[PDB]
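Colleague: This structure is in structure tokens; I'll ask about it shortly.
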Amino acid sequence: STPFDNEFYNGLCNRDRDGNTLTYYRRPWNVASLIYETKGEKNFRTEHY
Amino acid sequence: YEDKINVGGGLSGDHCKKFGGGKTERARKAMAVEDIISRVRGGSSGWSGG
Numbered sequence: 006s007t008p009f010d011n012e013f014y015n016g017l018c019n020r021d022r023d024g025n026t027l028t029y030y031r032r033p034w035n036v037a038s039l040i041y042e043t044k045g046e047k048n049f050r051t052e053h054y
Numbered sequence: 040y041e042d043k044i045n046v047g048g049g050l051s052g053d054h055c056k057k058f059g060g061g062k063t064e065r066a067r068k069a070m071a072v073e074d075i076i077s078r079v080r081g082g083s084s085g086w087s088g089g
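Sequences listed follow chains A and B, in order.
Just so we're aligned, residue 6 is where the first sequence starts under my numbering, counting upward by one.
Just so we're aligned, residue 40 is where the second sequence starts under my numbering, counting upward by one.
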């Protein structure tokens, strides 16, 4: 789990305008920045002897 | 042959040989390698992976 407090914020709110739907989140001052880059991949391989 | 005195003679010879050899070798090999990779930077939390 988190070994520190992650709810505290310093000053003026920093917007987090990103995501699937139209919703605005908050970024705590403890976290420098969080992106919503949702990369995805999968692999497949076969071989015969 | 027989004349004044009799003389007898007899000889017989027979030889038979039969040799045989048989060899057969069979080998079969096959190899196939198929790999599939897919990377999508779509931008959806679920749909990009889906």
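Quick reminder that beta carbons are idealized off the backbone N, C-alpha and C, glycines included.
1) Check this for me: beta carbons of B:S83 and A:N48, under 8 angstroms apart or not?
2) Which of the three DSSP states is assigned to A:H53 in this structure?
3) Examine chain A for any beta-carbon lying closer than 8 angstroms to the beta-carbon of B:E64, and answer yes or no.
4) Are at least three pairs of beta-carbons, each pair with one atom in the region 66–78 of chain B and one in the region 9–24 of chain A, less than 8 angstroms apart?
5) At least one CB of chain A closer than 8 angstroms to the CB of B:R67: is that the case?
Modeller: According to the structure shown:
1) no
2) strand
3) no
4) no
5) no
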